[PDB]
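K.L.:
an experimental structure, sequence included, is below.
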Amino acid sequence: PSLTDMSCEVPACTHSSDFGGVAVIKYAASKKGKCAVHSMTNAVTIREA
Amino acid sequence: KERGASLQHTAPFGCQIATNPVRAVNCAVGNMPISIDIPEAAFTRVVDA
């Protein structure tokens, strides 16, 4: 699947060292399927793969 | 025969004076610091609200 027209908003962020930040990404998916979320910077790490 | 007016009729700040035991009730003077320790169970995260 390919996603477009997507935006991101962070309701809460706390550098607490136990995944204290949570983000919501609104997406328009081309079709049902499985994708892999990855952060493009080293400073933040994502719990889910 | 010559008591005059008691405290409950002359006290400032609208205090109500009572006996047995002697009490002063509802004196609208000054202010009150209140400190509340609230458990984590009472809070709701922003993403759930």
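P.N.:
Received, thanks. Numbering: from 1, shown residues only, chains lettered A, B, ... in the order given.
K.L.:
so residue 17 is in which element?
P.N.:
No chain in the question, so chain A it is. Using DSSP states H and E, residue A:17 sits in no helix or strand.
K.L.:
hmm, no, I was thinking of chain B.
P.N.:
Using DSSP H and E, residue B:17 maps to strand B:16-18.
K.L.:
report all helices and strands that that strand contacts.
P.N.:
Packing partners of strand B:16-18 (3 or more CB pairs under 8 Å, 6 or more residues apart in numbering or on different chains; DSSP states H and E): helix B:7-10, strand B:23-25. For every residue, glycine as well, the C-beta is placed using N, CA and C.
K.L.:
which one of the ones you listed lies nearest to chain A?
P.N.:
Closest of these to chain A is strand B:23-25, at 45.3 Å (criterion: CB to the nearest CB).
K.L.:
counting contacts, what elements does that closest one pack onto?
P.N.:
Using 3+ CB pairs under 8 Å, 6+ apart: strand B:23-25 touches strand B:16-18.
K.L.:
mind listing what the strand it packs on pairs with, with the direction of each?
P.N.:
Take DSSP bridges as the rule and strand B:16-18 pairs in its sheet with strand B:23-25 (antiparallel).
K.L.:
mind checking which of the helices and strands packed on strand B:16-18 is nearest residue A:7?
P.N.:
strand B:23-25 (58.6 Å; CB to CB).
K.L.:
residues making contact with that closest one?
P.N.:
By CB atoms under 8 Å, 6 or more residues apart in numbering or on different chains, the surrounding residues in contact with strand B:23-25 are B:11, B:15, B:16, B:17, B:18.
K.L.:
6 Å instead, please
P.N.:
Residues external to strand B:23-25 that are found in contact with it (CB atoms under 6 Å, 6 or more residues apart in numbering or on different chains): B:15, B:16, B:17.
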